[PDB]
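Visitor: Before I ask anything, let me first share the structure, which is written out below as structure tokens.
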Protein chains: 2
Amino acid sequence: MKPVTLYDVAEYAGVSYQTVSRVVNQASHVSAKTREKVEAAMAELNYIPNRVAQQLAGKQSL
Amino acid sequence: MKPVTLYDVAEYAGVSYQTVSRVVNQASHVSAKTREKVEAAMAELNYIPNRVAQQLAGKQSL
DNA sequence: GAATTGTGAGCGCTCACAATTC
DNA sequence: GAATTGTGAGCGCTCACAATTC
């Protein structure tokens with residue numbers, strides 16, 4: 001329906017886009033503190049990431 | 001298996017990448033002359049484009 | 001003025017180096 | 001010296017302006 005982006009979530013929560021994707025796509029080095037603030041952004045705007053973007057950039061196979 | 005790129009085909013046939021995508025993805029403004037030279041490049045290297053690239057870049061919906 | 005063509009620029013999601021922090 | 005963070009940079013395929021062509 002309406003896509004949203006990692007940047008839209010980031011801008012809303014007042015964080016970085018790498019802060020966002022830690023929560024979303026399960027990365028490591030952020031914090032538990034900031035995690036929950038991103039979880040709020042996802043909820044408001046209703047973040048749908050693009051699976052296409054997740055595949056294209058999602059690193060090549062070694 | 002092994003993906004190839006529009007650039008790889010282009011470089012082989014000695015053309016532009018937009019020259020390539022005309023033949024591949026059915027564009028307009030090239031020629032019939034050059035068309036068949038691209039067709040030869042696809043055949044050698046075995047051009048498999050990425051459907052993901054074609055989707056992500058494949059213009060937003062209006 | 002519309003077909004042909006060259007160069008910059010972008011989807012949104014990820015990577016990489018180096019500064020920062022201690 | 002490794003976790004945390006900021007700025008630049010890229011996957012490959014597609015678009016946009018303007019120069020070229022006549």
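Labeling convention for the structure tokens: chains A, B, ... as they appear, residues from 1 per chain, ligands from 1 in order of appearance.
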Just the residues within 10 Å of residue 6 in chain C, please, counting only C-alpha atoms (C1' of nucleotides), with nothing from its chain fewer than 4 positions along; format it as a list in words.

Guide: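 Neighbouring residues, sequence-local ones excluded: residues 16 of chain B; 18, 19 and 20 of chain D.
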
Visitor: What would the file look like if the residues just selected were written as a PDB file, in the first residue's frame with N, CA, C and O atoms (P, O5', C5', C4', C3', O3' and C1' of nucleotides)?

Guide:
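The resulting file, result-v5.pdb, is reproduced below:
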ATOM      1  N   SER B  16      27.100   0.845 -25.502  1.00  0.00           N
ATOM      2  CA  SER B  16      26.684   1.435 -24.267  1.00  0.00           C
ATOM      3  C   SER B  16      25.764   0.491 -23.571  1.00  0.00           C
ATOM      4  O   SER B  16      25.203  -0.432 -24.160  1.00  0.00           O
TER       5      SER B  16
ATOM      6  P    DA D  18      17.972  21.479 -19.269  1.00  0.00           P
ATOM      7  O5'  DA D  18      18.934  21.139 -20.502  1.00  0.00           O
ATOM      8  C5'  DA D  18      20.343  21.113 -20.256  1.00  0.00           C
ATOM      9  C4'  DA D  18      21.151  20.442 -21.348  1.00  0.00           C
ATOM     10  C3'  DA D  18      20.941  21.080 -22.708  1.00  0.00           C
ATOM     11  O3'  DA D  18      22.151  21.059 -23.470  1.00  0.00           O
ATOM     12  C1'  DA D  18      20.581  18.776 -22.856  1.00  0.00           C
ATOM     13  P    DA D  19      22.802  22.391 -24.071  1.00  0.00           P
ATOM     14  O5'  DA D  19      23.977  21.827 -25.001  1.00  0.00           O
ATOM     15  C5'  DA D  19      24.926  20.876 -24.513  1.00  0.00           C
ATOM     16  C4'  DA D  19      25.079  19.682 -25.436  1.00  0.00           C
ATOM     17  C3'  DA D  19      25.183  20.073 -26.897  1.00  0.00           C
ATOM     18  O3'  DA D  19      26.384  19.562 -27.483  1.00  0.00           O
ATOM     19  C1'  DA D  19      23.639  18.294 -26.599  1.00  0.00           C
ATOM     20  P    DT D  20      26.821  20.083 -28.930  1.00  0.00           P
ATOM     21  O5'  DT D  20      26.225  19.012 -29.959  1.00  0.00           O
ATOM     22  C5'  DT D  20      26.726  17.678 -29.840  1.00  0.00           C
ATOM     23  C4'  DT D  20      25.844  16.635 -30.496  1.00  0.00           C
ATOM     24  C3'  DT D  20      25.699  16.875 -31.987  1.00  0.00           C
ATOM     25  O3'  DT D  20      26.224  15.771 -32.729  1.00  0.00           O
ATOM     26  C1'  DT D  20      23.629  16.326 -30.995  1.00  0.00           C
TER      27       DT D  20
END

Visitor: Compile the residues of chain B that lie within 9 Å of chain A, evaluated using only C-alpha atoms, and express the compilation as a list in words.

Guide: residues 50, 52, 53, 55 and 56 of chain B

Visitor: Might you pull out every residue within 12 Å of residue 22 in chain C, with only C-alpha atoms (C1' of nucleotides) counted and same-chain residues fewer than 6 positions away left off, and present them as a VMD selection string?

Guide: chain D and resid 1 to 4

Visitor: Near chain A, which residues of chain C fall within 6 Å when you count only C-alpha atoms (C1' of nucleotides), and what do they look like as a list in words?

Guide: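 Contact residues on the first chain: residues 12, 13 and 14 of chain C.
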
Visitor: Dump N, CA and C atoms (P, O5', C5', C4', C3', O3' and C1' of nucleotides) for the selected residues as a PDB file, in the first residue's frame?

Guide:
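Contents of part_38.pdb, as written:
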ATOM      1  P    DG C  12      13.052   4.795  -1.862  1.00  0.00           P
ATOM      2  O5'  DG C  12      13.505   3.780  -0.712  1.00  0.00           O
ATOM      3  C5'  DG C  12      13.122   2.403  -0.712  1.00  0.00           C
ATOM      4  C4'  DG C  12      14.236   1.487  -0.245  1.00  0.00           C
ATOM      5  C3'  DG C  12      14.734   1.872   1.134  1.00  0.00           C
ATOM      6  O3'  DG C  12      15.098   0.764   1.961  1.00  0.00           O
ATOM      7  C1'  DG C  12      16.530   1.862  -0.416  1.00  0.00           C
ATOM      8  P    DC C  13      14.194   0.087   3.095  1.00  0.00           P
ATOM      9  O5'  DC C  13      15.168  -0.998   3.754  1.00  0.00           O
ATOM     10  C5'  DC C  13      15.615  -2.124   2.993  1.00  0.00           C
ATOM     11  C4'  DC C  13      17.068  -2.098   2.561  1.00  0.00           C
ATOM     12  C3'  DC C  13      18.103  -1.972   3.662  1.00  0.00           C
ATOM     13  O3'  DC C  13      18.352  -3.185   4.377  1.00  0.00           O
ATOM     14  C1'  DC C  13      18.757  -0.912   1.551  1.00  0.00           C
ATOM     15  P    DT C  14      19.397  -3.129   5.587  1.00  0.00           P
ATOM     16  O5'  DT C  14      20.830  -3.383   4.922  1.00  0.00           O
ATOM     17  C5'  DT C  14      21.190  -4.612   4.285  1.00  0.00           C
ATOM     18  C4'  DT C  14      22.539  -4.521   3.600  1.00  0.00           C
ATOM     19  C3'  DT C  14      23.630  -4.359   4.640  1.00  0.00           C
ATOM     20  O3'  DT C  14      24.575  -5.432   4.617  1.00  0.00           O
ATOM     21  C1'  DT C  14      23.821  -2.694   2.868  1.00  0.00           C
TER      22       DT C  14
END

Visitor: Write out as an mmCIF file with C-alpha atoms (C1' of nucleotides), in the first residue's frame each polymer residue whose atoms come within 12 Å of residue 22 in chain B, counting only C-alpha atoms (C1' of nucleotides); drop sequence neighbours fewer than 5 positions from it.

Guide:
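Result file follows (result02.cif):
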data_model
loop_
_atom_site.group_PDB
_atom_site.id
_atom_site.type_symbol
_atom_site.label_atom_id
_atom_site.label_comp_id
_atom_site.auth_asym_id
_atom_site.auth_seq_id
_atom_site.Cartn_x
_atom_site.Cartn_y
_atom_site.Cartn_z
ATOM 1 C CA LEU B 6 24.459 -5.009 -18.697
ATOM 2 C CA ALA B 10 28.042 -3.654 -23.349
ATOM 3 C CA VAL B 15 28.430 -0.485 -27.021
ATOM 4 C CA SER B 16 26.684 1.435 -24.267
ATOM 5 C CA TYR B 17 24.642 -0.121 -21.469
ATOM 6 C CA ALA B 27 13.403 -0.051 -25.568
ATOM 7 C CA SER B 28 13.094 2.140 -28.631
ATOM 8 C CA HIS B 29 15.801 4.522 -29.687
ATOM 9 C CA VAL B 30 18.807 2.583 -30.896
ATOM 10 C CA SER B 31 18.798 0.954 -34.352
ATOM 11 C CA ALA B 32 18.412 -2.449 -35.975
ATOM 12 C CA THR B 34 23.519 -2.325 -33.463
ATOM 13 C CA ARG B 35 20.752 -4.526 -32.054
ATOM 14 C CA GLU B 36 22.237 -7.736 -33.422
ATOM 15 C CA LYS B 37 25.679 -6.873 -32.095
ATOM 16 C CA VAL B 38 24.300 -6.790 -28.606
ATOM 17 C CA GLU B 39 22.534 -10.072 -29.268
ATOM 18 C "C1'" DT D 14 16.414 2.717 -14.765
#
